[PDB]
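One file, structure_24.txt, carrying compact mmCIF, C-alpha atoms:
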# COMPACT_ATOMS: atom_id res chain seq x y z
CA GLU A 17 184.51 179.72 15.20
CA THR A 18 183.59 181.75 12.12
CA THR A 19 181.21 184.30 13.67
CA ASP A 20 182.07 187.97 13.07
CA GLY A 21 183.10 190.13 16.02
CA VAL A 22 186.05 191.00 18.23
CA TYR A 23 188.26 188.17 19.52
CA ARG A 24 191.03 187.68 22.08
CA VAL A 25 194.34 186.16 21.00
CA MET A 26 195.36 183.70 23.71
CA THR A 27 198.09 181.18 24.48
CA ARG A 28 198.56 178.67 27.30
CA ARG A 29 202.33 178.91 26.80
CA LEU A 30 202.76 180.91 30.02
CA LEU A 31 201.91 180.32 33.68
CA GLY A 32 198.26 180.03 32.71
CA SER A 33 196.22 181.78 30.05
CA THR A 34 197.96 184.77 28.46
CA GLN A 35 196.40 187.35 26.14
CA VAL A 36 199.03 188.30 23.56
CA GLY A 37 196.65 190.56 21.66
CA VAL A 38 193.25 191.29 20.14
CA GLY A 39 191.73 190.75 16.70
CA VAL A 40 188.55 191.27 14.69
CA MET A 41 186.55 188.75 12.67
CA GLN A 42 184.82 190.00 9.52
CA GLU A 43 183.51 188.22 6.43
CA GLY A 44 185.30 184.98 7.33
CA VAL A 45 188.59 186.84 7.76
CA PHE A 46 190.40 187.38 11.07
CA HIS A 47 192.34 190.65 11.27
CA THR A 48 195.00 191.55 13.85
CA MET A 49 198.37 193.27 14.24
CA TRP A 50 201.51 191.46 13.10
CA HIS A 51 203.52 191.79 16.32
CA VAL A 52 200.76 189.92 18.13
CA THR A 53 200.89 186.60 16.30
CA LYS A 54 204.16 186.97 14.35
CA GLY A 55 202.19 185.47 11.47
CA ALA A 56 201.40 182.12 13.07
CA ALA A 57 198.54 179.60 13.04
CA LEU A 58 195.59 180.27 15.34
CA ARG A 59 193.38 177.59 16.87
CA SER A 60 189.72 178.55 17.13
CA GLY A 61 188.95 175.85 19.67
CA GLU A 62 187.36 173.58 17.08
CA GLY A 63 188.86 175.40 14.11
CA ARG A 64 192.20 176.29 12.55
CA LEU A 65 193.22 179.65 11.08
CA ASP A 66 195.86 179.74 8.34
CA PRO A 67 197.80 182.94 7.53
CA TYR A 68 196.82 184.63 4.27
CA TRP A 69 198.27 188.14 4.17
CA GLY A 70 200.69 190.17 6.28
CA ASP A 71 203.16 193.05 6.33
CA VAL A 72 205.71 193.86 9.04
CA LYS A 73 206.04 197.56 8.20
CA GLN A 74 202.25 197.94 8.31
CA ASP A 75 202.22 195.65 11.36
CA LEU A 76 199.07 193.93 10.09
CA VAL A 77 198.04 190.36 9.30
CA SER A 78 194.82 188.72 8.08
CA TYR A 79 193.71 185.09 8.23
CA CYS A 80 191.53 182.78 6.10
CA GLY A 81 191.52 185.47 3.41
CA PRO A 82 192.59 188.96 2.29
CA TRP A 83 192.26 192.11 4.41
CA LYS A 84 188.60 193.16 4.39
CA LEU A 85 188.55 196.30 6.55
CA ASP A 86 188.79 199.40 4.36
CA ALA A 87 186.73 202.00 6.23
CA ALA A 88 188.72 205.12 7.10
CA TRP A 89 188.60 208.05 9.52
CA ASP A 90 187.01 211.13 7.93
CA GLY A 91 189.40 213.48 9.73
CA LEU A 92 186.69 215.22 11.76
CA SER A 93 184.27 212.83 13.47
CA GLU A 94 184.93 211.24 16.85
CA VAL A 95 185.82 207.55 17.08
CA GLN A 96 185.53 204.72 19.60
CA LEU A 97 188.23 202.27 20.64
CA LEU A 98 186.80 198.85 21.47
CA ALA A 99 189.39 198.03 24.11
CA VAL A 100 189.63 194.34 25.01
CA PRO A 101 191.99 194.35 28.02
CA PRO A 102 193.64 191.11 29.28
CA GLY A 103 191.09 189.56 31.64
CA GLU A 104 188.76 192.57 31.54
CA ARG A 105 185.37 193.08 29.90
CA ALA A 106 185.38 194.83 26.52
CA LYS A 107 184.46 198.52 26.66
CA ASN A 108 183.99 201.45 24.28
CA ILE A 109 186.31 204.43 24.77
CA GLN A 110 185.34 207.52 22.79
CA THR A 111 187.85 210.17 21.74
CA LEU A 112 188.91 212.55 18.98
CA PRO A 113 191.84 211.09 16.99
CA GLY A 114 195.24 212.76 16.89
CA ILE A 115 197.43 212.89 13.80
CA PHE A 116 200.61 211.09 12.76
CA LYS A 117 202.52 213.15 10.18
CA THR A 118 204.79 211.05 7.95
CA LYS A 119 206.72 211.50 4.71
CA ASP A 120 204.09 209.38 2.97
CA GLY A 121 201.04 211.13 4.41
CA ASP A 122 199.01 211.62 7.57
CA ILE A 123 197.58 208.86 9.76
CA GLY A 124 194.99 209.09 12.52
CA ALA A 125 196.18 208.40 16.06
CA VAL A 126 194.39 207.82 19.36
CA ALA A 127 195.77 209.04 22.69
CA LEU A 128 194.44 206.13 24.74
CA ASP A 129 196.97 204.30 26.91
CA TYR A 130 196.35 200.56 27.28
CA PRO A 131 198.49 197.54 28.29
CA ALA A 132 200.02 194.75 26.21
CA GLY A 133 197.46 192.24 24.97
CA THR A 134 195.07 195.00 23.95
CA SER A 135 196.91 195.49 20.65
CA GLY A 136 194.56 194.58 17.82
CA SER A 137 191.51 196.13 19.46
CA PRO A 138 189.10 197.73 16.95
CA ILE A 139 188.81 201.49 16.43
CA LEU A 140 185.34 202.24 15.10
CA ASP A 141 183.83 205.20 13.26
CA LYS A 142 180.32 206.50 14.01
CA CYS A 143 178.75 203.56 12.15
CA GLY A 144 180.76 200.90 13.99
CA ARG A 145 182.88 200.16 10.92
CA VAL A 146 186.50 199.26 11.71
CA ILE A 147 188.74 202.09 10.51
CA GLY A 148 191.95 200.83 12.10
CA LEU A 149 193.68 198.77 14.79
CA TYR A 150 195.20 199.82 18.13
CA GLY A 151 198.64 198.72 19.36
CA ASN A 152 201.32 200.32 17.15
CA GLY A 153 202.72 203.77 17.90
CA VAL A 154 205.19 205.98 19.77
CA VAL A 155 206.11 207.31 23.20
CA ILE A 156 206.19 211.09 23.55
CA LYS A 157 208.50 213.30 25.61
CA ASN A 158 206.77 212.52 28.92
CA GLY A 159 206.76 208.68 28.77
CA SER A 160 203.14 208.37 27.68
CA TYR A 161 202.05 206.03 24.88
CA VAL A 162 200.42 207.18 21.65
CA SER A 163 199.01 204.66 19.16
CA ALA A 164 198.19 205.04 15.47
CA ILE A 165 194.95 204.08 13.73
CA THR A 166 196.47 201.39 11.52
CA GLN A 167 194.27 200.49 8.55
CA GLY A 168 195.03 198.02 5.77
CA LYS A 169 194.18 197.91 2.07
CA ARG A 170 191.48 195.64 0.64
CA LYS V 15 220.49 185.23 10.55
CA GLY V 16 222.88 182.79 8.90
CA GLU V 17 224.41 183.03 5.43
CA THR V 18 222.39 185.63 3.54
CA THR V 19 224.74 186.07 0.58
CA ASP V 20 223.05 186.37 -2.81
CA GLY V 21 222.21 183.14 -4.60
CA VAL V 22 219.72 180.27 -4.77
CA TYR V 23 218.74 178.21 -1.71
CA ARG V 24 217.05 174.90 -0.97
CA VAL V 25 214.20 174.76 1.54
CA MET V 26 214.57 171.58 3.59
CA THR V 27 212.38 169.90 6.20
CA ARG V 28 213.01 167.30 8.89
CA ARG V 29 209.31 166.60 9.43
CA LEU V 30 209.56 163.41 7.35
CA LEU V 31 211.83 160.35 7.38
CA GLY V 32 214.44 161.47 4.82
CA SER V 33 215.61 165.05 4.68
CA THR V 34 213.23 166.29 2.00
CA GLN V 35 213.59 169.35 -0.22
CA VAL V 36 210.16 171.01 -0.09
CA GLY V 37 211.15 174.09 -2.08
CA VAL V 38 213.68 176.51 -3.53
CA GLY V 39 214.37 180.18 -2.80
CA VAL V 40 216.33 183.22 -3.81
CA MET V 41 218.28 185.33 -1.35
CA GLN V 42 218.77 188.86 -2.66
CA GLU V 43 219.59 192.13 -0.87
CA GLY V 44 219.18 190.41 2.50
CA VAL V 45 215.72 189.03 1.77
CA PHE V 46 214.77 185.39 1.18
CA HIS V 47 212.12 185.04 -1.53
CA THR V 48 210.08 181.88 -2.10
CA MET V 49 206.59 180.54 -2.86
CA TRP V 50 203.96 180.70 -0.13
CA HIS V 51 202.83 177.08 -0.51
CA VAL V 52 206.40 175.99 0.25
CA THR V 53 206.78 177.42 3.75
CA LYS V 54 203.12 178.35 4.36
CA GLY V 55 204.42 181.55 5.94
CA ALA V 56 206.25 179.60 8.65
CA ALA V 57 209.59 180.86 9.96
CA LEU V 58 212.81 179.38 8.57
CA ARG V 59 216.13 178.28 10.06
CA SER V 60 219.57 179.29 8.78
CA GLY V 61 222.18 177.70 10.99
CA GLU V 62 221.23 179.33 14.31
CA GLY V 63 219.93 181.24 12.53
CA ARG V 64 216.25 182.14 12.14
CA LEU V 65 214.26 184.16 9.58
CA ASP V 66 210.87 185.72 10.31
CA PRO V 67 208.43 186.33 7.44
CA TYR V 68 208.11 189.99 6.43
CA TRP V 69 205.35 189.99 3.82
CA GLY V 70 203.05 187.30 2.44
CA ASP V 71 200.03 186.76 0.20
CA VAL V 72 198.38 183.41 -0.57
CA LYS V 73 196.70 184.64 -3.76
CA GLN V 74 200.05 185.76 -5.19
CA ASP V 75 201.57 182.62 -3.63
CA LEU V 76 204.68 184.52 -2.54
CA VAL V 77 206.45 185.36 0.72
CA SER V 78 209.52 187.31 1.85
CA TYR V 79 211.79 186.95 4.89
CA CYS V 80 213.74 189.56 6.88
CA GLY V 81 212.47 192.30 4.56
CA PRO V 82 210.23 193.48 1.69
CA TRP V 83 210.15 191.97 -1.81
CA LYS V 84 213.30 192.83 -3.78
CA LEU V 85 212.71 191.12 -7.13
CA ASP V 86 211.61 193.78 -9.62
CA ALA V 87 212.70 192.37 -12.99
CA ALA V 88 210.08 191.31 -15.55
CA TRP V 89 209.88 189.16 -18.68
CA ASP V 90 209.97 191.23 -21.88
CA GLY V 91 207.32 188.98 -23.42
CA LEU V 92 209.69 188.35 -26.34
CA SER V 93 212.90 186.62 -25.24
CA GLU V 94 213.66 183.13 -23.95
CA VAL V 95 214.32 182.54 -20.25
CA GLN V 96 216.36 180.10 -18.16
CA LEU V 97 214.83 178.17 -15.27
CA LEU V 98 217.42 177.72 -12.53
CA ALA V 99 215.95 174.39 -11.47
CA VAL V 100 217.00 173.08 -8.06
CA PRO V 101 215.41 169.60 -7.80
CA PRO V 102 215.50 167.48 -4.60
CA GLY V 103 218.90 165.83 -4.14
CA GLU V 104 220.03 167.23 -7.49
CA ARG V 105 222.40 170.02 -8.50
CA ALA V 106 221.29 173.47 -9.69
CA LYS V 107 220.36 173.28 -13.36
CA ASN V 108 219.68 175.91 -16.03
CA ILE V 109 217.01 175.17 -18.63
CA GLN V 110 216.44 177.75 -21.36
CA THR V 111 212.89 178.21 -22.67
CA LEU V 112 210.51 180.62 -24.39
CA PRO V 113 207.64 181.35 -21.95
CA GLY V 114 204.01 181.03 -22.99
CA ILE V 115 201.22 183.25 -21.70
CA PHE V 116 198.58 182.81 -19.00
CA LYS V 117 195.62 184.73 -20.43
CA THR V 118 193.70 185.90 -17.37
CA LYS V 119 190.85 188.37 -16.83
CA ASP V 120 193.37 190.72 -15.22
CA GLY V 121 196.19 191.00 -17.74
CA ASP V 122 198.35 188.18 -19.07
CA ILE V 123 201.08 186.25 -17.24
CA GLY V 124 204.18 184.55 -18.63
CA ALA V 125 204.43 180.79 -18.23
CA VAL V 126 207.16 178.17 -18.59
CA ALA V 127 206.10 174.76 -19.91
CA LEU V 128 208.53 172.67 -17.86
CA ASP V 129 207.84 169.83 -15.42
CA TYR V 130 209.87 169.03 -12.31
CA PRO V 131 209.38 166.88 -9.19
CA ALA V 132 207.41 168.27 -6.24
CA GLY V 133 209.91 170.28 -4.23
CA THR V 134 211.30 172.48 -6.99
CA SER V 135 208.93 175.33 -6.13
CA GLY V 136 210.59 178.70 -5.65
CA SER V 137 213.17 178.20 -8.38
CA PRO V 138 213.96 181.62 -9.91
CA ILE V 139 213.22 182.40 -13.55
CA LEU V 140 216.03 184.37 -15.20
CA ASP V 141 216.45 186.66 -18.19
CA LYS V 142 219.59 187.04 -20.33
CA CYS V 143 220.85 189.70 -17.90
CA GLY V 144 220.96 187.45 -14.83
CA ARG V 145 217.96 189.08 -13.12
CA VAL V 146 215.17 187.18 -11.35
CA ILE V 147 211.93 187.80 -13.25
CA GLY V 148 209.80 185.43 -11.20
CA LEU V 149 209.58 182.11 -9.40
CA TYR V 150 208.73 178.56 -10.48
CA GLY V 151 206.12 176.40 -8.73
CA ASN V 152 202.58 177.72 -9.23
CA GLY V 153 200.68 176.93 -12.42
CA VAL V 154 198.73 174.22 -14.19
CA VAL V 155 198.93 170.89 -15.94
CA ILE V 156 197.38 170.55 -19.42
CA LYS V 157 195.88 167.70 -21.46
CA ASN V 158 199.23 165.99 -21.36
CA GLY V 159 200.74 165.66 -17.90
CA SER V 160 203.40 168.31 -18.57
CA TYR V 161 203.60 171.19 -16.08
CA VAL V 162 203.07 174.81 -17.13
CA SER V 163 204.24 176.99 -14.23
CA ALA V 164 203.48 180.70 -14.18
CA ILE V 165 206.30 183.24 -13.95
CA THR V 166 205.16 184.42 -10.52
CA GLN V 167 206.62 187.81 -9.61
CA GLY V 168 205.66 190.22 -6.84
CA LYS V 169 206.58 193.90 -6.77
CA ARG V 170 209.47 195.87 -5.31
CA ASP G 50 199.89 177.19 19.17
CA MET G 51 198.12 180.43 20.07
CA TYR G 52 194.32 180.31 20.10
CA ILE G 53 191.44 182.77 19.79
CA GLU G 54 188.24 183.26 21.80
CA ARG G 55 185.39 185.74 21.34
CA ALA G 56 185.22 189.06 23.19
CA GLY G 57 181.97 190.60 21.98
CA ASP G 58 180.09 192.48 19.27
CA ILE G 59 181.93 195.21 17.37
CA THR G 60 179.49 198.07 17.97
CA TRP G 61 179.39 201.72 18.99
CA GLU G 62 178.30 202.44 22.56
CA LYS G 63 176.38 205.71 22.91
CA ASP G 64 177.22 205.74 26.62
CA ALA G 65 181.02 205.84 26.77
CA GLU G 66 183.58 207.66 28.92
CA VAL G 67 185.49 210.23 26.87
CA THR G 68 189.22 210.58 27.53
CA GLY G 69 192.59 211.19 25.89
CA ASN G 70 194.02 214.22 24.11
CA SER G 71 194.43 214.86 20.37
CA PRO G 72 198.12 215.53 19.62
CA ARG G 73 199.57 216.24 16.18
CA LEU G 74 202.95 214.56 15.80
CA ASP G 75 205.56 214.36 13.05
CA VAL G 76 206.50 210.68 13.06
CA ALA G 77 208.68 208.32 11.02
CA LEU G 78 208.07 204.64 10.25
CA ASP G 79 211.07 202.38 9.73
CA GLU G 80 211.24 199.18 7.68
CA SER G 81 210.86 197.17 10.90
CA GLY G 82 207.38 198.58 11.54
CA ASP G 83 208.53 200.72 14.45
CA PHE G 84 207.30 204.30 14.62
CA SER G 85 209.61 207.14 15.66
CA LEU G 86 209.66 210.95 15.95
CA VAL G 87 211.42 213.59 13.81
CA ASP O 50 210.87 172.66 11.26
CA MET O 51 212.42 174.10 8.10
CA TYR O 52 215.89 175.37 7.22
CA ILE O 53 217.79 176.66 4.19
CA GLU O 54 221.25 176.24 2.66
CA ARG O 55 222.89 177.62 -0.48
CA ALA O 56 222.47 175.72 -3.75
CA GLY O 57 224.37 178.05 -6.07
CA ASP O 58 224.79 181.52 -7.53
CA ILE O 59 222.16 183.24 -9.67
CA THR O 60 223.56 183.85 -13.15
CA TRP O 61 222.64 183.21 -16.79
CA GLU O 62 224.30 180.35 -18.65
CA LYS O 63 225.35 181.82 -21.99
CA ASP O 64 224.99 178.48 -23.81
CA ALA O 65 222.53 176.32 -21.87
CA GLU O 66 220.06 173.58 -22.80
CA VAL O 67 217.38 175.22 -24.95
CA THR O 68 213.91 173.64 -25.01
CA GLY O 69 210.32 174.14 -23.85
CA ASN O 70 207.02 175.15 -25.44
CA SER O 71 205.23 178.52 -25.33
CA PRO O 72 201.51 177.84 -24.79
CA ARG O 73 198.91 180.62 -24.77
CA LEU O 74 196.52 179.44 -22.06
CA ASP O 75 193.15 180.82 -20.96
CA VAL O 76 193.49 180.44 -17.19
CA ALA O 77 191.87 181.71 -14.00
CA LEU O 78 193.14 182.54 -10.51
CA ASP O 79 191.14 181.72 -7.38
CA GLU O 80 191.16 183.32 -3.94
CA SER O 81 193.70 180.70 -2.82
CA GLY O 82 196.24 181.45 -5.55
CA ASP O 83 195.59 178.35 -7.67
CA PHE O 84 195.45 178.51 -11.46
CA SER O 85 192.79 176.64 -13.44
CA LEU O 86 192.13 176.24 -17.17
CA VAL O 87 189.27 177.86 -19.08
CA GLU O 88 187.62 176.12 -22.03
Rewrite the structure from the file as structure tokens, please.
Amino acid sequence: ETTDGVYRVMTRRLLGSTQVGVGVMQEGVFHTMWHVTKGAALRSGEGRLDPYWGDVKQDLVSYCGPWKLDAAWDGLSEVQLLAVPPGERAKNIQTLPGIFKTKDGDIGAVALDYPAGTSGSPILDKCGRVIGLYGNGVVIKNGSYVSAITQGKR
Amino acid sequence: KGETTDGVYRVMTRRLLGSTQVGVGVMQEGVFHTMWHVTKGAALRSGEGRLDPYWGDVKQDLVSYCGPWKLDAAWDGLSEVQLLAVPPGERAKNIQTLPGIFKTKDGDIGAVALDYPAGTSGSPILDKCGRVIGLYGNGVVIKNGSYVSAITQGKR
Amino acid sequence: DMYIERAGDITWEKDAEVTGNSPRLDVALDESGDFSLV
Amino acid sequence: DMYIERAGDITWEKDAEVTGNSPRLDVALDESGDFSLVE
């Protein structure tokens, strides 16, 4: 399957079907987080996806070509997480991004808590453009999960 | 993660009848460097013993294991270089040569005009200081059959 | 071999439940891709 | 199923076999990392 859109990353390795993560398809390239697939081949039912680019520190990996998504948060506007939960229908969750302060700069972060298998879900700006991926972040003082808006470079 | 001491390494496979050498690699600073088309990004064994890929790019035809790219040396575009050739079933072999130039639309790339059997990919190109300035295995063949590999280097 | 299957169209939904705070955190990213605090 | 094993140190041979040409080639580089000649 080559059609653009959001996809589930599945494996029948477990008891039955198991969603290990989420990904997006854009311009013939499948984007997802690295910890999801560990940089492995992905069957598309009738198709095969070969790894092209990846980076562990960035926790990102693209298939069939280079990373295409280069839209970025403007630092003011609200965004929407396209959560694709394991076994649940995809839904838009709107929120105002938080901020990750690093020694290399500031990254956007969303305070939306979601289970394993949702990592790789798209975070969209007001125009629906993908400005980052959900699934990689920290746990604050309370025990609550905070994820960054991880964007790659085209 | 097995023996990760600095030096050159063979990439072997058991997917065929005889144990075939499908590539070469350089272990430096805890990271295994080799061509992409050798391993295709797949994980590697090292005794028991496993290495996960850290960074990869098909267009650059490079890949690193257990960490980021460590090879930062570059050809001075003036001196001769030695190809530490590690052919299948054959000992490590140094071949000194003056690199040509791959004139591309985006800068120019050094190139060694040396031919070796399929499975020598990933062999490190060295300068007269012992540093790895690139890898052997991705290039072209000219009018004559002879192989002209590029001096493929990433970035630290 | 892991496989992929479609989930839907990547679009913005005008009708969406708003939730989650907006914290500002000093974080640190290690070489292993794991985030951490300061 | 791939594995690795050491094939030697990485060091310059101060008096090795000297050969090889130095061709200036007009080449290209595709999206798949393959080089091709330009005439």
| task | Output as a list in words the set of chain V residues within 6 Å of chain O, with distances taken over all atoms listed in the file. | result |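 In the required form, that comes to residues 21, 22, 23, 24, 25, 26, 27, 58, 59, 60, 72, 73, 74, 75, 109, 110, 111, 112, 113, 114, 115, 116, 117, 118, 127, 144 and 153 of chain V.
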| said: Which residues are near residue 52 of chain G? Cut-off 8 Å, all atoms listed in the file, ignore same chain within fewer than 6 positions. Put them as number ranges by chain. | reply: A: 25-27, 58-61
Could you take the residues named above and write them with C-alpha atoms, as a PDB file, in the frame of the given file?
ATOM      1  CA  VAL A  25     194.340 186.160  21.000  1.00  0.00           C
ATOM      2  CA  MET A  26     195.360 183.700  23.710  1.00  0.00           C
ATOM      3  CA  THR A  27     198.090 181.180  24.480  1.00  0.00           C
ATOM      4  CA  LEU A  58     195.590 180.270  15.340  1.00  0.00           C
ATOM      5  CA  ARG A  59     193.380 177.590  16.870  1.00  0.00           C
ATOM      6  CA  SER A  60     189.720 178.550  17.130  1.00  0.00           C
ATOM      7  CA  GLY A  61     188.950 175.850  19.670  1.00  0.00           C
TER       8      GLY A  61
END
| message | When you count only C-alpha atoms, which of these residues is closest to chain G: V:32, V:69, V:106, V:157? | response |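 Ranked by minimum distance to chain G, first place goes to V:69.
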Every residue with an atom at most 6 Å from (213.0, 184.7, -21.3) (file coordinates; all atoms listed in the file) is what I'm after, so could you write them as a PDB file with C-alpha atoms, keeping the file's coordinate frame?
ATOM      1  CA  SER V  93     212.900 186.620 -25.240  1.00  0.00           C
ATOM      2  CA  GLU V  94     213.660 183.130 -23.950  1.00  0.00           C
ATOM      3  CA  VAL V  95     214.320 182.540 -20.250  1.00  0.00           C
ATOM      4  CA  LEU V 112     210.510 180.620 -24.390  1.00  0.00           C
ATOM      5  CA  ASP V 141     216.450 186.660 -18.190  1.00  0.00           C
TER       6      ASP V 141
END
| task | Can you pull out every residue within 10 Å of residue 122 of chain A, counting all atoms listed in the file, but drop anything in the same chain fewer than 3 positions away, and send it as a PyMOL selection string? | result | (chain A and resi 115-119+125) or (chain G and resi 73-76)
List as an mmCIF file with C-alpha atoms, in the coordinates of the input: which residues have an atom within 12 Å of (195.4, 202.8, 30.7), counting all atoms listed in the file?
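Below is the file point_11.cif, written as the result:
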data_model
loop_
_atom_site.group_PDB
_atom_site.id
_atom_site.type_symbol
_atom_site.label_atom_id
_atom_site.label_comp_id
_atom_site.auth_asym_id
_atom_site.auth_seq_id
_atom_site.Cartn_x
_atom_site.Cartn_y
_atom_site.Cartn_z
ATOM 1 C CA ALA A 99 189.390 198.030 24.110
ATOM 2 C CA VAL A 100 189.630 194.340 25.010
ATOM 3 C CA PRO A 101 191.990 194.350 28.020
ATOM 4 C CA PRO A 102 193.640 191.110 29.280
ATOM 5 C CA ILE A 109 186.310 204.430 24.770
ATOM 6 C CA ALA A 127 195.770 209.040 22.690
ATOM 7 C CA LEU A 128 194.440 206.130 24.740
ATOM 8 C CA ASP A 129 196.970 204.300 26.910
ATOM 9 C CA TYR A 130 196.350 200.560 27.280
ATOM 10 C CA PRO A 131 198.490 197.540 28.290
ATOM 11 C CA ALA A 132 200.020 194.750 26.210
ATOM 12 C CA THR A 134 195.070 195.000 23.950
ATOM 13 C CA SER A 160 203.140 208.370 27.680
ATOM 14 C CA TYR A 161 202.050 206.030 24.880
ATOM 15 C CA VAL A 162 200.420 207.180 21.650
ATOM 16 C CA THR G 68 189.220 210.580 27.530
ATOM 17 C CA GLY G 69 192.590 211.190 25.890
#
| Proximal residues of chain V relative to chain G (only C-alpha atoms; 10 Å) as a list in words | residues 68, 80, 81 and 82 of chain V
| query | Which residues, written as a PyMOL selection string, have at least one atom at most 9 Å from segment 62-64 of chain G, with all atoms listed in the file counted and residues fewer than 3 positions away on the same chain left out? | reply | chain A and resi 96+107-110
Go ahead and save the residues from that selection, with C-alpha atoms, as a PDB file, keeping the file's coordinate frame.
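Below is the file result-v1.pdb, written as the result:
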ATOM      1  CA  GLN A  96     185.530 204.720  19.600  1.00  0.00           C
ATOM      2  CA  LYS A 107     184.460 198.520  26.660  1.00  0.00           C
ATOM      3  CA  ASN A 108     183.990 201.450  24.280  1.00  0.00           C
ATOM      4  CA  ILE A 109     186.310 204.430  24.770  1.00  0.00           C
ATOM      5  CA  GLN A 110     185.340 207.520  22.790  1.00  0.00           C
TER       6      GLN A 110
END
| query | In Å, with one decimal, what is the gap from atom CA of residue 151 of chain A to atom CA of residue 22 of chain A? | reply |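 Atom CA of residue 151 of chain A sits 14.8 Å away from atom CA of residue 22 of chain A.
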| said: One decimal, in Å: what's the spacing between atom CA of residue 71 of chain G and atom CA of residue 111 of chain A? | reply: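 Answer for the atom CA of residue 71 of chain G to atom CA of residue 111 of chain A separation: 8.2 Å.
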| request: With a cut-off of 8 Å and counting all atoms listed in the file, select all residues of chain V in contact with chain A and give the selection as JSON, numbers by chain. | output: {"V": [54, 55, 56, 66, 67, 68, 69, 70, 71, 72]}
File dump, residues just selected, C-alpha atoms, as an mmCIF file, keeping the file's coordinate frame:
data_model
loop_
_atom_site.group_PDB
_atom_site.id
_atom_site.type_symbol
_atom_site.label_atom_id
_atom_site.label_comp_id
_atom_site.auth_asym_id
_atom_site.auth_seq_id
_atom_site.Cartn_x
_atom_site.Cartn_y
_atom_site.Cartn_z
ATOM 1 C CA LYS V 54 203.120 178.350 4.360
ATOM 2 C CA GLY V 55 204.420 181.550 5.940
ATOM 3 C CA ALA V 56 206.250 179.600 8.650
ATOM 4 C CA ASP V 66 210.870 185.720 10.310
ATOM 5 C CA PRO V 67 208.430 186.330 7.440
ATOM 6 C CA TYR V 68 208.110 189.990 6.430
ATOM 7 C CA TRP V 69 205.350 189.990 3.820
ATOM 8 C CA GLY V 70 203.050 187.300 2.440
ATOM 9 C CA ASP V 71 200.030 186.760 0.200
ATOM 10 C CA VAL V 72 198.380 183.410 -0.570
#
| What lies within 6 Å of residue 46 of chain V using only C-alpha atoms, ignoring chain neighbours under 6 positions off, as a list in words? | residues 40, 78 and 79 of chain V
| field | Between atom CA of residue 84 of chain A and atom CA of residue 35 of chain A, distance in Å (one decimal) | value |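 Going from atom CA of residue 84 of chain A over to atom CA of residue 35 of chain A covers 23.8 Å.
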Need to verify the contact set: residue 56 of chain G, 8 Å, all atoms listed in the file, exclusion of same-chain residues closer than 6 positions in sequence. Can you return it as a PDB file with C-alpha atoms, in the frame of the given file?
ATOM      1  CA  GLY A  21     183.100 190.130  16.020  1.00  0.00           C
ATOM      2  CA  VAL A  22     186.050 191.000  18.230  1.00  0.00           C
ATOM      3  CA  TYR A  23     188.260 188.170  19.520  1.00  0.00           C
ATOM      4  CA  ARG A  24     191.030 187.680  22.080  1.00  0.00           C
ATOM      5  CA  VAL A 100     189.630 194.340  25.010  1.00  0.00           C
ATOM      6  CA  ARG A 105     185.370 193.080  29.900  1.00  0.00           C
ATOM      7  CA  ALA A 106     185.380 194.830  26.520  1.00  0.00           C
TER       8      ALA A 106
END
Taking N, CA, C and O atoms as the atom set, what does segment 72-79 of chain O look like once completed, written as a short mmCIF file (atom, residue, chain, number, x, y, z; two decimals), in the coordinates of the input?
data_model
loop_
_atom_site.label_atom_id
_atom_site.label_comp_id
_atom_site.auth_asym_id
_atom_site.auth_seq_id
_atom_site.Cartn_x
_atom_site.Cartn_y
_atom_site.Cartn_z
N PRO O 72 202.96 177.94 -24.63
CA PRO O 72 201.51 177.84 -24.79
C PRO O 72 200.75 179.08 -24.32
O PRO O 72 201.00 179.58 -23.22
N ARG O 73 199.83 179.55 -25.15
CA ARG O 73 198.91 180.62 -24.77
C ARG O 73 197.68 180.01 -24.11
O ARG O 73 196.82 179.44 -24.80
N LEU O 74 197.57 180.13 -22.80
CA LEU O 74 196.52 179.44 -22.06
C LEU O 74 195.50 180.38 -21.41
O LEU O 74 195.87 181.31 -20.70
N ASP O 75 194.22 180.14 -21.68
CA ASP O 75 193.15 180.82 -20.96
C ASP O 75 193.02 180.23 -19.56
O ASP O 75 192.47 179.13 -19.39
N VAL O 76 193.52 180.94 -18.56
CA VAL O 76 193.49 180.44 -17.19
C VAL O 76 192.77 181.39 -16.25
O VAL O 76 192.48 182.54 -16.59
N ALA O 77 192.48 180.90 -15.05
CA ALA O 77 191.87 181.71 -14.00
C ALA O 77 192.72 181.65 -12.74
O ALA O 77 193.64 180.85 -12.64
N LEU O 78 192.40 182.51 -11.77
CA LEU O 78 193.14 182.54 -10.51
C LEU O 78 192.18 182.72 -9.34
O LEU O 78 191.53 183.76 -9.21
N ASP O 79 192.09 181.71 -8.48
CA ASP O 79 191.14 181.72 -7.38
C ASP O 79 191.62 182.56 -6.21
O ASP O 79 192.68 183.18 -6.27
#
